[PDB]
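No value in this document is a laboratory result; all are computed from the given coordinates. Every residue, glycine among them, receives a Cβ derived from its backbone with ideal geometry; neighbour counts consider all protein chains shown.
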Amino acid sequence: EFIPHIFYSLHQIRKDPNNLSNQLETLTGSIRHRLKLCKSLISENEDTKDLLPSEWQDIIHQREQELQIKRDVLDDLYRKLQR
Amino acid sequence: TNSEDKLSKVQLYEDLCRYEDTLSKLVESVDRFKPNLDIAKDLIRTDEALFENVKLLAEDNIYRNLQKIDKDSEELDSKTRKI
Amino acid sequence: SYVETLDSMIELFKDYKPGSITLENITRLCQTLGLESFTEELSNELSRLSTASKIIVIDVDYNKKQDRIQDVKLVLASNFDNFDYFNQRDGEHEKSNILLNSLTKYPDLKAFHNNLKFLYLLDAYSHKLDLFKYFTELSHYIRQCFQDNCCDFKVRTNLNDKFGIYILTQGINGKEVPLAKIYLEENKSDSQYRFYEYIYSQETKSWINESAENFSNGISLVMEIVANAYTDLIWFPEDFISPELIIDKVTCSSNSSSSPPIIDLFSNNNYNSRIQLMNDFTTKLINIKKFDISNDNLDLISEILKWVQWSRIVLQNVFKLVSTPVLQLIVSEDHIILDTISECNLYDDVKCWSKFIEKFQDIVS
């Protein structure tokens, strides 16, 4: 997890700038660490980057048209074979 | 090769990209010990946009259900094929 | 200028990302204001965060199972225990606690931070002037001053989970509308500015300083005009109030040409074809949001409010009616004349202003 850690470190930055430069540098390094691991984790996984809008509707339309043509041909087969 | 083209097509990829850019600007600012407000506010609004897109990704499951009904489609096709 | 810019950046960061309501963020916020803070375990299910300063003690009860604030108590170490930290709602038997509401009804710590900054201001600047006592009593003195001066204004404390003395008028629907908010602010301009106790005497019908020895330094009593918001902005004659009493002048920064919509309406020929508008203003109109009403300036509250009310009822409605696409309409600082048909001035009753606007609307429609 990097999201809550980024949030929290962000907030103690914005709450206490009066901390000595040591804490500021260390904490900024920590955020750079978290976003470095963030970009790495984005990098190795293609699926997330794909996740990271009409195509779904087109797939639904093709699925429903193939379903209805299957239903129609099965109805025709049922009607014909009963003789 | 087309994989990266598809990944660049979805908005949240650009979102992580300029979020990284904004933190790069912020770390450059703190390195110069000259914190510029606009960089930090840009960072926070970009983070918020990231998080709204994080919700927007979740409602995922529709594609998965389409995937299972697709497998149902081809298995029914194979069954009727051997018939 | 580095310190002033850094403080301005810190104020901006505090306002831009107030943080989520968590026990840790509340503790960090209190510590950032210099408040002493400790956490006690009252039970396996309940922890208390107690925060303290010179005069104020704030207990925050936290339910560990529900991840929620259960209660908030303010205690004063002053001889004055009667400080009102509840919202004034007419007809609810449950006085809703401002501090508890600021932590339970809001998504973030912004409401709580603003209320805590106000309590910390009273704490820091109270000594023999007790600002908790004086600020409580001031709401009664202002209410009396309006009764004695026949002003149709209602005084309420603590509106919408925020500390302040709110001045309300009756709106067109009998709904109460806030006109102004009175509160204490740190005097950024003069740390040597003496703030005295002024009491409204029923006997003299005037503000009096009974104890010139009772003062606080570096604090001002501020009157903020509550805009219902460019047409909803209140504009004042530049010479209406001494410039030394103006805390926040909305400078139209030099890259957007927003004259007062009033002055653009003296320049732009897009009028109702039935009205010839004549400007008789001698002064420029300025947008003022905040006034210093400290010390001898408490008499100005009634004059400022009468102007704000007259500007809303008369001026803004005249402008709205003239701006919607031959009688002479003269508009001055304190009087409006529609040829020989109707007139009204700033010193007339609200009933005369309403009758003027009704007649004006009947002619312009």
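Does the stretch A:48-83 hold any residues that are within 10 Å of chain B (Cβ to nearest Cβ), under 16 Å from B:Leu66 (Cβ atoms) and more than 20 Å from the chain's Cα centre (by Cα), and which are they?
A:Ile60, A:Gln62, A:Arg63, A:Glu64, A:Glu66, A:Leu67, listed by residue number.
Condition check: more than 9 Å from chain A (Cβ to nearest Cβ), β-branched (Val, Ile, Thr) and in a helix (DSSP H, G or I). Does B:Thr80 satisfy that?
Values: more than 9 Å from chain A (Cβ to nearest Cβ): no; β-branched (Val, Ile, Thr): yes; in a helix (DSSP H, G or I): yes.
For B:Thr80, the condition - more than 9 Å from chain A (Cβ to nearest Cβ), β-branched (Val, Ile, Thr) and in a helix (DSSP H, G or I) - is not met.
Do you know which residues across the stretch C:255-285 are part of a loop (DSSP other than H, G, I, E, B) and among the aromatic types (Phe, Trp, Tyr)?
Our first condition is that a residue be part of a loop (DSSP other than H, G, I, E, B); within the stretch C:255-285, this holds for C:255-260, C:268-274, C:280-284.
C:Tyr271, C:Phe281 - these are the residues of the stretch C:255-285 that are part of a loop (DSSP other than H, G, I, E, B) and among the aromatic types (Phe, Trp, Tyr).
Hey, can you tell me all the residues within the stretch B:38-48 that are over 26 Å from A:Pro53 (Cα atoms) and facing another protein chain (nearest Cβ under 9 Å)?
Keep residues of the stretch B:38-48 that are over 26 Å from A:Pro53 (Cα atoms), which gives B:38-44.
Selection gives B:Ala40, B:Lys41, B:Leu43, B:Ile44.
Would the stretch C:174-186 turn up any residue that is assigned to a helix (DSSP H, G or I) and surrounded by fewer than 18 Cβ atoms within 10 Å (Cβ to Cβ)? Walk me through it before giving the result.
First, the residues of the stretch C:174-186 that are assigned to a helix (DSSP H, G or I): none.
Scanning the stretch C:174-186 turns up no residue that is assigned to a helix (DSSP H, G or I) and surrounded by fewer than 18 Cβ atoms within 10 Å (Cβ to Cβ).
Name the pairs: first residue in the stretch C:75-89 and β-branched (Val, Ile, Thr), second residue surrounded by 13 or more Cβ atoms within 10 Å (Cβ to Cβ) and not in a loop (DSSP other than H, G, I, E, B), Cβ to Cβ under 8 Å, at least 6 apart or on different chains?
So the pair list comes out as C:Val75/C:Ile56; C:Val75/C:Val57; C:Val75/C:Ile58; C:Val75/C:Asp59.
Would you call B:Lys41 exposed (fewer than 10 other Cβ atoms within 10 Å of the Cβ) and assigned to a helix (DSSP H, G or I)? Even if it seems obvious, please write down each step before you answer.
Working: exposed (fewer than 10 other Cβ atoms within 10 Å of the Cβ): no; assigned to a helix (DSSP H, G or I): yes.
No: the conditions fail for B:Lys41.
Of all residues in the stretch C:93-117 being of a type in the set (D, E, K, R) and not in a loop (DSSP other than H, G, I, E, B), which is nearest to C:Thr157 (Cα to Cα)? So that I can check it myself, show each step before the final result.
Kept after step one, since they are of a type in the set (D, E, K, R), are these residues of the stretch C:93-117: C:94-95, C:105, C:108, C:110, C:117.
Filter once more, keeping what is not in a loop (DSSP other than H, G, I, E, B): C:108, C:110, C:117.
On the way: C:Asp108: 23, C:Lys110: 20, C:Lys117: 17 Å.
Only one residue tops the list, namely C:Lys117.
Restricting the search to the stretch C:187-226, which residues are surrounded by 14 or more Cβ atoms within 10 Å (Cβ to Cβ) and under 30 Å from C:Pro260 (Cα atoms)?
Answer for the stretch C:187-226, where residues must be surrounded by 14 or more Cβ atoms within 10 Å (Cβ to Cβ) and under 30 Å from C:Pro260 (Cα atoms): C:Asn187, C:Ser220, C:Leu221, C:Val222, C:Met223, C:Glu224, C:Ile225, C:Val226.
May I ask you to list the residues in the stretch C:118-130 that are assigned to a helix (DSSP H, G or I) and aliphatic (A, V, I, L, M)? I'd like the intermediate steps shown before the answer.
Residues of the stretch C:118-130 that are assigned to a helix (DSSP H, G or I), as a first pass: C:118-125.
Once the filter is applied, which keeps residues that are assigned to a helix (DSSP H, G or I) and aliphatic (A, V, I, L, M), the stretch C:118-130 yields C:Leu119, C:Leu121, C:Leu122, C:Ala124.
Just name the residue that is surrounded by the most Cβ atoms within 10 Å (Cβ to Cβ) out of those in the stretch C:1-23 that are within 9 Å of chain A (Cβ to nearest Cβ) and charged (D, E, K, R). Please lay out each step first, then the result.
Initially, the stretch C:1-23 is screened for residues within 9 Å of chain A (Cβ to nearest Cβ), giving C:6, C:9-10, C:13-14, C:16-17, C:19-20.
Among the residues that remain, those that are also charged (D, E, K, R) are: C:14, C:17.
Values: C:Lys14: 19, C:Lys17: 21.
My answer is C:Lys17.
Those residues that are surrounded by 15 or more Cβ atoms within 10 Å (Cβ to Cβ) and in a helix (DSSP H, G or I), I need them from the stretch C:317-351; list them, please.
Of everything in the stretch C:317-351, those that are surrounded by 15 or more Cβ atoms within 10 Å (Cβ to Cβ) and in a helix (DSSP H, G or I) turn out to be C:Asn317, C:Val318, C:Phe319, C:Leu321, C:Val322, C:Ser323, C:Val350.
Among the residues of the stretch B:49-59, is there at least one that is part of a helix (DSSP H, G or I), among the small types (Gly, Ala, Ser), exposed (fewer than 11 other Cβ atoms within 10 Å of the Cβ) and within 11 Å of chain A (Cβ to nearest Cβ)?
Within the stretch B:49-59, the subset part of a helix (DSSP H, G or I) is B:49-58.
Next cut, among the small types (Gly, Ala, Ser) only: B:49, B:58.
Now narrow it down to the ones that are exposed (fewer than 11 other Cβ atoms within 10 Å of the Cβ): B:58.
From the residues that got through so far, the ones that are within 11 Å of chain A (Cβ to nearest Cβ) too are B:58.
Checking the stretch B:49-59: at least one residue is part of a helix (DSSP H, G or I), among the small types (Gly, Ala, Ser), exposed (fewer than 11 other Cβ atoms within 10 Å of the Cβ) and within 11 Å of chain A (Cβ to nearest Cβ).
Which one of these does B:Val27 not meet: (1) over 20 Å from A:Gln57 (Cβ atoms); (2) exposed (fewer than 14 other Cβ atoms within 10 Å of the Cβ); (3) at the interface with chain A (Cβ under 9 Å from one of its Cβ atoms)?
Every listed condition holds for B:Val27 apart from (2).
What number of residues in the stretch C:52-77 are among the β-branched types (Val, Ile, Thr) and touching a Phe, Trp or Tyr at 6+ places or on another chain (Cβ under 8 Å)?
Keep residues of the stretch C:52-77 that are among the β-branched types (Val, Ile, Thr), which gives C:55-58, C:60, C:69, C:72, C:75.
Filter once more, keeping what is touching a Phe, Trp or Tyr at 6+ places or on another chain (Cβ under 8 Å): C:55-56, C:69.
Within the stretch C:52-77, residues that are among the β-branched types (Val, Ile, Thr) and touching a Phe, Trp or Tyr at 6+ places or on another chain (Cβ under 8 Å) number 3.
For the stretch A:4-11, check the following and say yes or no: at least one residue is more than 30 Å from B:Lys9 (Cα to Cα), among the small types (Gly, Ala, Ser), facing another protein chain (nearest Cβ under 10 Å) and out of contact with any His (no Cβ under 7 Å at 6 or more places or on another chain).
Scanning the stretch A:4-11, I find no residue that is more than 30 Å from B:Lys9 (Cα to Cα), among the small types (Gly, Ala, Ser), facing another protein chain (nearest Cβ under 10 Å) and out of contact with any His (no Cβ under 7 Å at 6 or more places or on another chain), so the answer is no.
Could you figure out which of (1) touching a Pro at 6+ places or on another chain (Cβ under 9 Å); (2) more than 8 Å from chain A (Cβ to nearest Cβ); (3) not small (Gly, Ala, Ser) isn't true of B:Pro35?
The one condition B:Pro35 does not meet is (2).
Only one of (1) surrounded by 14 or more Cβ atoms within 10 Å (Cβ to Cβ); (2) among the small types (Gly, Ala, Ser); (3) more than 27 Å from the chain's Cα centre (by Cα) is not met by C:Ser43, so which one is it?
Just one mismatch for C:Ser43, condition (1).
C:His113 versus (1) in contact with a strand residue (DSSP E or B) (Cβ under 9 Å, 6 or more places away or on another chain); (2) under 23 Å from C:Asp59 (Cβ atoms): which is the lone unmet condition?
Result: C:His113 fails condition (1) only.
Looking only at residues in the stretch A:14-47 that are of a type in the set (S, T, N, Q) and at the interface with another protein chain (Cβ under 9 Å from one of its Cβ atoms), which one is nearest to B:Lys6 (Cα to Cα)?
Step by step, filter the stretch A:14-47, then rank; the result is A:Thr28.
Name the residues in the stretch C:317-339 that are out of contact with any helix residue (DSSP H, G or I) (no Cβ under 9 Å at 6 or more places or on another chain) and of a type outside the set (A, V, I, L, M, F, W, C), would you?
Residues satisfying the conditions are C:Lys320, C:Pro325, C:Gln328, C:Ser332, C:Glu333, C:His335, C:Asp339.
Please specify each residue of the stretch B:1-23 satisfying the condition of being surrounded by fewer than 17 Cβ atoms within 10 Å (Cβ to Cβ), within 9 Å of chain A (Cβ to nearest Cβ) and farther than 24 Å from A:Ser54 by Cα.
The answer is B:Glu20, and nothing else.
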